[PDB]
>>> print(open('input.pdb').read())   # PDB, N, CA and C atoms
ATOM      1  N   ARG F   1       6.125 -11.165  -3.737
ATOM      2  CA  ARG F   1       7.452 -11.907  -3.484
ATOM      3  C   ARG F   1       7.937 -11.524  -2.057
ATOM      4  N   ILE F   2       9.103 -12.077  -1.559
ATOM      5  CA  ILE F   2       9.603 -11.740  -0.198
ATOM      6  C   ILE F   2      11.043 -11.143  -0.353
ATOM      7  N   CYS F   3      11.259  -9.923   0.261
ATOM      8  CA  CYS F   3      12.577  -9.286   0.299
ATOM      9  C   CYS F   3      12.660  -8.579   1.700
ATOM     10  N   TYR F   4      13.825  -8.731   2.436
ATOM     11  CA  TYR F   4      13.868  -8.289   3.836
ATOM     12  C   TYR F   4      14.052  -6.743   3.943
ATOM     13  N   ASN F   5      13.577  -6.128   5.091
ATOM     14  CA  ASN F   5      13.878  -4.708   5.318
ATOM     15  C   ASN F   5      14.189  -4.630   6.830
ATOM     16  N   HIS F   6      15.256  -5.419   7.226
ATOM     17  CA  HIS F   6      15.792  -5.603   8.581
ATOM     18  C   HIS F   6      17.114  -4.787   8.828
ATOM     19  N   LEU F   7      17.846  -5.115   9.955
ATOM     20  CA  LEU F   7      19.180  -4.585  10.232
ATOM     21  C   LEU F   7      19.215  -3.049  10.558
ATOM     22  N   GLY F   8      20.484  -2.507  10.714
ATOM     23  CA  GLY F   8      20.700  -1.174  11.306
ATOM     24  C   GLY F   8      20.909  -1.272  12.845
ATOM     25  N   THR F   9      20.101  -2.173  13.515
ATOM     26  CA  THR F   9      20.120  -2.461  14.953
ATOM     27  C   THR F   9      19.027  -3.541  15.190
ATOM     28  N   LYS F  10      17.828  -3.360  14.519
ATOM     29  CA  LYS F  10      16.605  -4.154  14.743
ATOM     30  C   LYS F  10      16.467  -5.183  13.549
ATOM     31  N   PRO F  11      16.837  -6.535  13.691
ATOM     32  CA  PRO F  11      16.784  -7.450  12.509
ATOM     33  C   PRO F  11      15.477  -8.307  12.193
ATOM     34  N   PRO F  12      14.258  -8.199  12.882
ATOM     35  CA  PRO F  12      13.139  -9.110  12.536
ATOM     36  C   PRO F  12      12.145  -8.874  11.339
ATOM     37  N   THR F  13      11.896  -7.630  10.756
ATOM     38  CA  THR F  13      10.837  -7.518   9.727
ATOM     39  C   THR F  13      11.297  -7.850   8.272
ATOM     40  N   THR F  14      10.311  -8.450   7.513
ATOM     41  CA  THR F  14      10.471  -8.852   6.124
ATOM     42  C   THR F  14       9.207  -8.399   5.343
ATOM     43  N   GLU F  15       9.455  -7.859   4.097
ATOM     44  CA  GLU F  15       8.383  -7.264   3.292
ATOM     45  C   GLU F  15       7.902  -8.368   2.303
ATOM     46  N   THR F  16       6.724  -8.990   2.682
ATOM     47  CA  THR F  16       5.991  -9.968   1.857
ATOM     48  C   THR F  16       5.186  -8.998   0.926
ATOM     49  N   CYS F  17       5.866  -8.573  -0.207
ATOM     50  CA  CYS F  17       5.453  -7.408  -1.002
ATOM     51  C   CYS F  17       5.049  -7.757  -2.465
ATOM     52  N   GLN F  18       4.212  -6.818  -3.028
ATOM     53  CA  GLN F  18       3.550  -6.975  -4.324
ATOM     54  C   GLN F  18       4.288  -6.279  -5.519
ATOM     55  N   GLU F  19       5.527  -5.666  -5.367
ATOM     56  CA  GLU F  19       6.138  -4.973  -6.512
ATOM     57  C   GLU F  19       6.841  -6.001  -7.483
ATOM     58  N   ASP F  20       6.794  -5.672  -8.832
ATOM     59  CA  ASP F  20       7.388  -6.350 -10.007
ATOM     60  C   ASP F  20       8.960  -6.504  -9.911
ATOM     61  N   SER F  21       9.635  -5.949  -8.839
ATOM     62  CA  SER F  21      11.079  -6.008  -8.722
ATOM     63  C   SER F  21      11.476  -5.730  -7.233
ATOM     64  N   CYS F  22      12.592  -6.400  -6.747
ATOM     65  CA  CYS F  22      13.131  -6.038  -5.448
ATOM     66  C   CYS F  22      14.676  -6.011  -5.464
ATOM     67  N   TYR F  23      15.219  -5.213  -4.485
ATOM     68  CA  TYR F  23      16.643  -4.903  -4.461
ATOM     69  C   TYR F  23      17.357  -5.376  -3.172
ATOM     70  N   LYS F  24      18.686  -5.723  -3.358
ATOM     71  CA  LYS F  24      19.637  -6.136  -2.313
ATOM     72  C   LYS F  24      20.662  -4.956  -2.250
ATOM     73  N   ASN F  25      20.586  -4.196  -1.104
ATOM     74  CA  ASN F  25      21.392  -2.998  -0.837
ATOM     75  C   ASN F  25      22.284  -3.415   0.404
ATOM     76  N   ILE F  26      23.663  -3.454   0.230
ATOM     77  CA  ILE F  26      24.631  -4.113   1.156
ATOM     78  C   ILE F  26      25.735  -3.175   1.782
ATOM     79  N   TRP F  27      25.577  -1.838   1.523
ATOM     80  CA  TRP F  27      26.488  -0.691   1.703
ATOM     81  C   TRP F  27      25.764   0.247   2.739
ATOM     82  N   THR F  28      24.820   1.108   2.202
ATOM     83  CA  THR F  28      23.982   2.075   2.918
ATOM     84  C   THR F  28      24.888   3.282   3.348
ATOM     85  N   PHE F  29      25.648   3.117   4.495
ATOM     86  CA  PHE F  29      26.452   4.177   5.087
ATOM     87  C   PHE F  29      27.123   3.530   6.339
ATOM     88  N   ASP F  30      26.226   2.972   7.227
ATOM     89  CA  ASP F  30      26.450   2.200   8.435
ATOM     90  C   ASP F  30      27.043   0.770   8.131
ATOM     91  N   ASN F  31      27.471   0.442   6.849
ATOM     92  CA  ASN F  31      28.128  -0.799   6.442
ATOM     93  C   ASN F  31      27.135  -1.946   6.786
ATOM     94  N   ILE F  32      25.947  -1.972   6.061
ATOM     95  CA  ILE F  32      24.890  -2.904   6.452
ATOM     96  C   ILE F  32      23.999  -3.398   5.264
ATOM     97  N   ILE F  33      23.222  -4.512   5.541
ATOM     98  CA  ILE F  33      22.337  -5.141   4.542
ATOM     99  C   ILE F  33      20.876  -4.713   4.927
ATOM    100  N   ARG F  34      20.347  -3.612   4.275
ATOM    101  CA  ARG F  34      19.025  -3.049   4.613
ATOM    102  C   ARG F  34      18.406  -2.658   3.247
ATOM    103  N   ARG F  35      17.225  -3.312   2.915
ATOM    104  CA  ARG F  35      16.830  -3.381   1.516
ATOM    105  C   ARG F  35      15.290  -3.493   1.305
ATOM    106  N   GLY F  36      14.813  -3.755   0.021
ATOM    107  CA  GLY F  36      13.346  -3.694  -0.084
ATOM    108  C   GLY F  36      12.686  -3.970  -1.444
ATOM    109  N   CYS F  37      11.298  -3.971  -1.432
ATOM    110  CA  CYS F  37      10.507  -4.156  -2.662
ATOM    111  C   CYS F  37      10.413  -2.759  -3.365
ATOM    112  N   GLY F  38      11.266  -2.561  -4.451
ATOM    113  CA  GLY F  38      11.180  -1.298  -5.177
ATOM    114  C   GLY F  38      12.071  -1.434  -6.447
ATOM    115  N   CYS F  39      13.141  -0.557  -6.532
ATOM    116  CA  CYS F  39      14.120  -0.687  -7.612
ATOM    117  C   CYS F  39      13.606   0.014  -8.916
ATOM    118  N   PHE F  40      13.585  -0.754 -10.071
ATOM    119  CA  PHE F  40      13.139  -0.247 -11.375
ATOM    120  C   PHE F  40      14.141   0.843 -11.924
ATOM    121  N   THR F  41      15.470   0.691 -11.589
ATOM    122  CA  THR F  41      16.584   1.520 -12.094
ATOM    123  C   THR F  41      17.484   0.455 -12.807
ATOM    124  N   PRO F  42      17.573   0.474 -14.199
ATOM    125  CA  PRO F  42      18.484  -0.425 -14.951
ATOM    126  C   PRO F  42      19.873  -0.328 -14.227
ATOM    127  N   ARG F  43      20.381  -1.457 -13.578
ATOM    128  CA  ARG F  43      21.650  -1.362 -12.825
ATOM    129  C   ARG F  43      22.808  -1.609 -13.846
ATOM    130  N   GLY F  44      23.087  -0.575 -14.731
ATOM    131  CA  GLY F  44      24.262  -0.572 -15.625
ATOM    132  C   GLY F  44      25.292   0.386 -14.988
ATOM    133  N   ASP F  45      25.693   0.035 -13.712
ATOM    134  CA  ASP F  45      26.466   0.847 -12.767
ATOM    135  C   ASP F  45      25.887   2.304 -12.778
ATOM    136  N   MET F  46      24.509   2.353 -12.646
ATOM    137  CA  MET F  46      23.722   3.568 -12.420
ATOM    138  C   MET F  46      23.417   3.706 -10.888
ATOM    139  N   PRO F  47      23.032   4.965 -10.445
ATOM    140  CA  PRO F  47      22.716   5.200  -9.025
ATOM    141  C   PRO F  47      21.617   4.178  -8.572
ATOM    142  N   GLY F  48      21.952   3.427  -7.450
ATOM    143  CA  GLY F  48      21.054   2.417  -6.891
ATOM    144  C   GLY F  48      21.779   1.116  -6.444
ATOM    145  N   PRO F  49      21.007   0.273  -5.665
ATOM    146  CA  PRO F  49      21.433  -1.071  -5.244
ATOM    147  C   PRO F  49      21.238  -2.093  -6.402
ATOM    148  N   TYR F  50      21.785  -3.368  -6.247
ATOM    149  CA  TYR F  50      21.544  -4.316  -7.353
ATOM    150  C   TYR F  50      20.022  -4.714  -7.250
ATOM    151  N   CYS F  51      19.257  -4.622  -8.408
ATOM    152  CA  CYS F  51      17.788  -4.806  -8.400
ATOM    153  C   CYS F  51      17.414  -5.959  -9.402
ATOM    154  N   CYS F  52      16.618  -6.961  -8.878
ATOM    155  CA  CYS F  52      16.232  -8.209  -9.557
ATOM    156  C   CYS F  52      14.681  -8.415  -9.633
ATOM    157  N   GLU F  53      14.194  -9.483 -10.368
ATOM    158  CA  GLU F  53      12.739  -9.718 -10.507
ATOM    159  C   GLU F  53      12.418 -11.212 -10.191
ATOM    160  N   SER F  54      12.837 -11.651  -8.949
ATOM    161  CA  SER F  54      12.639 -13.018  -8.464
ATOM    162  C   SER F  54      12.506 -13.001  -6.904
ATOM    163  N   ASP F  55      11.816 -14.062  -6.334
ATOM    164  CA  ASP F  55      11.683 -14.179  -4.874
ATOM    165  C   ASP F  55      13.131 -14.395  -4.283
ATOM    166  N   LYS F  56      13.493 -13.548  -3.237
ATOM    167  CA  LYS F  56      14.789 -13.453  -2.557
ATOM    168  C   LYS F  56      15.797 -12.776  -3.535
ATOM    169  N   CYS F  57      16.136 -13.522  -4.642
ATOM    170  CA  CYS F  57      17.052 -13.150  -5.703
ATOM    171  C   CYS F  57      18.449 -12.969  -5.033
ATOM    172  N   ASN F  58      18.975 -14.148  -4.521
ATOM    173  CA  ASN F  58      20.349 -14.352  -4.061
ATOM    174  C   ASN F  58      20.568 -13.722  -2.644
ATOM    175  N   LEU F  59      19.756 -14.248  -1.654
ATOM    176  CA  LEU F  59      19.764 -13.976  -0.199
ATOM    177  C   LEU F  59      19.275 -12.486   0.006
TER
END
>>> encode(input="input.pdb", output="structure tokens")
Amino acid sequence: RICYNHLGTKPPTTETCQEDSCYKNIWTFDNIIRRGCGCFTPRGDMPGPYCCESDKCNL
């Protein structure tokens, strides 16, 4: 599937990745959208970003 791992300062790379789930992380520390193919933490307001099992999965 495709999930981006851009921003911080440098915005061009995207992870055309093989994992069963990917996450949208919109906080970090630096107030930014920097994220990836990983996750696998049930997001029942548990430690982690919001994690989904679809291509992009809402930008």
>>> resolve_selection(input="input.pdb", expression="the PyMOL selection byres (((chain F and resi 35 and name CA) around 10) and name CA)", output="list in words")
residues 3, 4, 5, 6, 7, 14, 15, 22, 23, 24, 25, 26, 28, 32, 33, 34, 36, 37, 38, 39 and 49 of chain F
>>> closest_residue(input="input.pdb", among="F:8, F:16, F:27, F:21", to="residue F:40", atoms="only N, CA and C atoms")
F:21
>>> select_by_dssp(input="input.pdb", residues="chain F", states="strand (DSSP E or B)", output="number ranges by chain")
F: 2-4, 14-16, 22-24, 36, 50-52
>>> write_last_selection(input="input.pdb", atoms="N, CA and C atoms", output="short mmCIF file (atom, residue, chain, number, x, y, z; two decimals), in the coordinates of the input")
data_model
loop_
_atom_site.label_atom_id
_atom_site.label_comp_id
_atom_site.auth_asym_id
_atom_site.auth_seq_id
_atom_site.Cartn_x
_atom_site.Cartn_y
_atom_site.Cartn_z
N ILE F 2 9.10 -12.08 -1.56
CA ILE F 2 9.60 -11.74 -0.20
C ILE F 2 11.04 -11.14 -0.35
N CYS F 3 11.26 -9.92 0.26
CA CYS F 3 12.58 -9.29 0.30
C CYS F 3 12.66 -8.58 1.70
N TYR F 4 13.82 -8.73 2.44
CA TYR F 4 13.87 -8.29 3.84
C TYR F 4 14.05 -6.74 3.94
N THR F 14 10.31 -8.45 7.51
CA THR F 14 10.47 -8.85 6.12
C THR F 14 9.21 -8.40 5.34
N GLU F 15 9.46 -7.86 4.10
CA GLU F 15 8.38 -7.26 3.29
C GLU F 15 7.90 -8.37 2.30
N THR F 16 6.72 -8.99 2.68
CA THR F 16 5.99 -9.97 1.86
C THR F 16 5.19 -9.00 0.93
N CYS F 22 12.59 -6.40 -6.75
CA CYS F 22 13.13 -6.04 -5.45
C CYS F 22 14.68 -6.01 -5.46
N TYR F 23 15.22 -5.21 -4.49
CA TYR F 23 16.64 -4.90 -4.46
C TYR F 23 17.36 -5.38 -3.17
N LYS F 24 18.69 -5.72 -3.36
CA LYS F 24 19.64 -6.14 -2.31
C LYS F 24 20.66 -4.96 -2.25
N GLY F 36 14.81 -3.76 0.02
CA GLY F 36 13.35 -3.69 -0.08
C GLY F 36 12.69 -3.97 -1.44
N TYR F 50 21.78 -3.37 -6.25
CA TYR F 50 21.54 -4.32 -7.35
C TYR F 50 20.02 -4.71 -7.25
N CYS F 51 19.26 -4.62 -8.41
CA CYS F 51 17.79 -4.81 -8.40
C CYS F 51 17.41 -5.96 -9.40
N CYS F 52 16.62 -6.96 -8.88
CA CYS F 52 16.23 -8.21 -9.56
C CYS F 52 14.68 -8.41 -9.63
#
>>> atom_distance(input="input.pdb", atom1="atom N of residue F:54", atom2="atom CA of residue F:12")
21.6 Å
>>> closest_residue(input="input.pdb", among="F:20, F:31, F:13, F:55", to="residue F:1", atoms="only C-alpha atoms")
F:55
